Structure formats: C-alpha cells, structure tokens
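Numbers here simply count residues along the sequence, with the first being 1.
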Amino acid sequence: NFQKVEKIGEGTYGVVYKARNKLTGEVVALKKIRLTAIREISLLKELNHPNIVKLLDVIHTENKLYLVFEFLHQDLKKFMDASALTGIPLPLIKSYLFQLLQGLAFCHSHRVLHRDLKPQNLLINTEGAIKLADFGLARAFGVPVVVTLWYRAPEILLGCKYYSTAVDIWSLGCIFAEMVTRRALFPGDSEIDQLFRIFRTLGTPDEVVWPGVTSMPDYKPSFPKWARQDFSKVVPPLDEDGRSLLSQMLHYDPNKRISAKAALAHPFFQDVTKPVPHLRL
Ligand SMILES: O=C(O)c1cc(OC(F)(F)F)ccc1NCCc1c[nH]c2ccccc12
C-alpha cells in the first residue's frame, strides 16, 4: 500500500518510516508496532488540535499495529543540535513553549496523557509550528507491545502507579530548560541516577514540600539529603518571568505543579509571538 521512503526512527515500541501512499501520493509517517485499545486509539483520529500530530489511520492487521501519522520533516532534538553554537532565540523558545502548553491543555482537557515527552518527539515545520508526537499511550490503552529517563517526573520514578497530567508539565519544564541552556537538565542513566540528579539540583524532597512523598512505593528513608541549590544556577540567562514559570513547572508536589492551562496565563507569555525557524531539510 505504501512505498517506504526512509526510516525516520526507532523507539522500543516500534519503527517509524517516511512513506508515500502508492495511490494518492500523500507522504506520511508510518509507525509499525509489533505485538480495549483498538477502539479508543481509533477515537483519536477525529480528536485534533494544531499542536498535536494528526493520526490519519489505524490499521490492525496480522500480529502488528500500524499507525499512519502526518509527516513533518524536523523535530526539536535535531533543531536544538543544529542550534547548539548560536542558541534558539528567546522569542522562538517562548512560542514553542506556548504552543506545546496549548497542545497539552487540549489533550489534558480530554483527559489524555502523553507520559513520555522528549525533544525528539516534538515535530516542527517551516511555518513556526510545533506538535506533540509519539504519545506513550501503549500501557494506558493496553496494547500488548535504550529508554531515556531524562524527562521523567519524580512521582513516576518513585513508583507512583496513578500519576496525573502533572507528569507532562514536569517533562515540558525539563525541555524548556534544555532549549534555554542547550544542555539536558537531568541526564540520568538509571532510575536512581535520574532521581539523584533531580535531588542534587532541587533538593531531596521531604514532607515539607511534598506531603506523602515518604510513603511512596520506591521512596527510601536512606536517600541522601541534598540541599536545594539556588535556582539562579539552573537556567542562568533566563529572565525572572521565565525562571518563575520554570520553577512552577518543576514543583515536586504534583498538586502544586502548574497546569498547562494556568501556565498559558503566566506573565512570561505576555509578549509572545510566532517566529519562523530557519530549517535545513
Ligand atoms: O503517537 C503515538 O505513537 C500513538 C500511539 C498510540 O497507541 C499505541 F498503542 F501506543 F500505539 C495511540 C495514539 C498515539 N498518538 C496519538 C496522537 C493524537 C491524535 N489526536 C490526539 C488527541 C489527544 C491526544 C493525542 C492525540
């Protein structure tokens, strides 16, 4: 049905190809996934937002699951690498953050979580748009399907079984910091190394800042107690509006962590514009 054009990427869920519909000529991103889900997934075809990748078609044939997505040429990881020596201009960082919060507020309003946000899942086009892609919906929908931990919320790493929309805010805060500084904020290589990198920067959490943290499934009283280091070291250049918003995105307590909807009203976005990136395809 399709002419494979190139392999776009991997991820231990499946493989993604750029492909051309043999009959219509549409170029699409084709996701092959080896194996109540089929129904609720398919609902997403008609649930759409400018800052979410469009799921064109869902095809369950054989012992595999094919997902046909709209194709975009670039992602934020590639753009950030290409911008490492210059840095992404603040107005574009701001526009991207704003759009991603719009995308999250939409899918959170429909009670859909992403769960696995990372730069390489954020697609961008020549028109200044950025879109949520590669949702981690396998577990949530119950599909019978090396992992990056750098953007995982602390409640996930501490074994919370029933985590909330707040996990996506945490991940987006880590990406925000990375656009600003051009370095991953918390590049852990194990679940405990990820946790300890977070603690070394934001302080070991306790019941004062995060009620109930000490009762969490993987919390150990033996965790080292790091002081919180001053937040001025975290994303240095960024102005106080940006730092303020980031600090609310990185609150330990998911109940205190800012929502996508409230973050859209933060003063950091008072002068928000939509610049156009300069993309080499
Ligand atoms: O992005 C993927 O890879 C993916 C995998 C899925 O199930 C799995 F089993 F994992 F394959 C299911 C959906 C997926 N994307 C959904 C994108 C989407 C369109 N409209 C939406 C409205 C609100 C929230 C999200 C969306």
Which residues pass the side chain to side chain donor-acceptor pair (under 3.5 Å) test with [X], sequence neighbours left out?
X: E178; result: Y151
X: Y252; result: none
X: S42; result: none
X: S95; result: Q99

Out of curiosity, [X] [atom1] to [Y] [atom2], how far, rounded to the nearest 0.5 Å?
X: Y163; Y: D168; atom1: OH; atom2: CG; answer: 9.0 Å
X: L238; Y: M179; atom1: CG; atom2: CE; answer: 10.5 Å
X: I93; Y: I88; atom1: CD1; atom2: CD1; answer: 5.5 Å
X: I156; Y: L195; atom1: CD1; atom2: CG; answer: 12.0 Å
X: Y13; Y: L65; atom1: OH; atom2: CG; answer: 12.0 Å
X: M249; Y: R257; atom1: CE; atom2: CZ; answer: 10.0 Å

Task: Short side-chain donor-acceptor distance under 3.5 Å, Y96 and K94 - done: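 The answer is no; no qualifying pair exists.
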Does [X] belong to the same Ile/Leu/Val/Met/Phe/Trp/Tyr cluster as [Y], with side-chain heavy atoms less than 4.5 Å apart forming each link?
X: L132; Y: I258; answer: yes
X: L202; Y: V208; answer: yes
X: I38; Y: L44; answer: no
X: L157; Y: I192; answer: yes
X: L43; Y: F141; answer: no

Are the side chains of [Y] and [X] in contact, using a 4.5 Å heavy-atom criterion?
X: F135; Y: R115; answer: no
X: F223; Y: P205; answer: no
X: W210; Y: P154; answer: yes
X: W150; Y: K118; answer: no
X: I41; Y: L137; answer: no
X: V5; Y: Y17; answer: no
X: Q74; Y: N125; answer: no
X: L264; Y: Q102; answer: yes

Who pairs with [X] by side chain to side chain contact (heavy atoms under 4.5 Å, CB included), at least two apart in sequence or on another chain?
X: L56; result: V28, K54, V68
X: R200; result: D193, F196, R197, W226
X: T201; result: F186, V234
X: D239; result: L90, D241, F268

Would you indicate whether [X], at its atom [atom1], is surrounded by more than 12 heavy atoms from other residues, nucleotides or ligands within a distance under 6.0 Å?
X: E240; atom1: CD; result: yes
X: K161; atom1: NZ; result: no
X: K77; atom1: NZ; result: no

Task: Derivation and outcome, side chain to side chain contact (heavy atoms under 4.5 Å, CB included), residues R182 and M80 - done: CA-CA 7 Å; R182 305 196 297 275; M80 276 196 300; over 6 Å; no
Provide the closest heavy-atom pair for [X] versus [Y] in the form atom of the first, atom of the second, distance.
X: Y66; Y: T61; answer: CE1-CG2, 3.5 Å
X: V276; Y: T126; answer: CG1-O, 3.2 Å
X: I52; Y: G103; answer: CD1-O, 3.8 Å
X: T12; Y: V146; answer: CG2-N, 4.4 Å
X: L250; Y: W170; answer: O-CZ3, 3.1 Å
X: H114; Y: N121; answer: CE1-OD1, 4.4 Å

Task: Under the ring pair (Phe, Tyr, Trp, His ring centres under 6.0 Å) test, residues paired with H108 that sit two or more places apart - done: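 Ring pair (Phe, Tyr, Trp, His ring centres under 6.0 Å) list for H108, sorted by chain: empty.
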- [ ] Name all residues meeting the ring pair (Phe, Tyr, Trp, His ring centres under 6.0 Å) criterion together with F106; count only those two or more places apart in sequence or in a different chain, and write none if there are none.
- [x]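 For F106, the residues satisfying ring pair (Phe, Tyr, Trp, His ring centres under 6.0 Å) (neighbours in sequence not counted) are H49, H110.
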TODO: Determine, step by step, whether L172 and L101 satisfy the side chain to side chain contact (heavy atoms under 4.5 Å, CB included) criterion, reporting the C-alpha distance in whole Å, the side-chain angles of both residues, the deciding distance to 0.1 Å, and the verdict.
DONE: CA-CA 8 Å; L172 187 57; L101 286 166; 3.7 Å; yes
Does the pair [X]/[Y] count as a salt bridge with the N-to-O cut at 4.0 Å?
X: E127; Y: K274; result: no
X: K45; Y: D57; result: yes
X: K78; Y: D75; result: yes
X: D116; Y: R152; result: yes

- [ ] In sequence, state the C-alpha distance, the side-chain angles, and the governing distance for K31 and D134, and then conclude on salt bridge (charged side-chain N to carboxylate O under 4.0 Å, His left out).
- [x] CA-CA 10 Å; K31 183 172 294 203; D134 306 317; 2.7 Å; yes
- [ ] Walk me through it: do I59 and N1 pass the test side chain to side chain contact (heavy atoms under 4.5 Å, CB included)?
- [x] CA-CA 12 Å; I59 288 154; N1 261 331; over 6 Å; no
Open item on the list: Donor-acceptor pair, distance only, cut-off 3.5 Å: does the side chain of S83 make one with the backbone of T86?
Closed with: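 Flag not set: sc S83 to bb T86 has no pair under 3.5 Å.
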- [ ] Taking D81 for its side chain and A84 for its backbone only, find out whether a donor-acceptor pair lies under 3.5 Å.
- [x]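 Side chain of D81 to backbone of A84: no pair is present.
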Task: Partners meeting salt bridge (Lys or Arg N to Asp or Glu O under 4.0 Å) with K261 (sequence neighbours left out) - done: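 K261: no salt bridge (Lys or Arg N to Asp or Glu O under 4.0 Å) contacts found.
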- [ ] Apply side chain to side chain contact (heavy atoms under 4.5 Å, CB included) to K7 and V15, showing your working.
- [x] CA-CA 8 Å; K7 184 184 164 182; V15 162; 4.0 Å; yes
In residues 211-222, what donor-acceptor pairs under 3.5 Å come from side-chain atoms, sequence neighbours left out?
residue: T214; atom: OG1; partner: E207; partner atom: OE2; Å: 2.4
residue: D218; atom: OD2; partner: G159; partner atom: N; Å: 3.4

Task: For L117, the option from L104, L100, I169 that meets side chain to side chain contact (heavy atoms under 4.5 Å, CB included) - done: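 So, applying the side chain to side chain contact (heavy atoms under 4.5 Å, CB included) to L117 and each of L104, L100, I169, only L104 qualifies.
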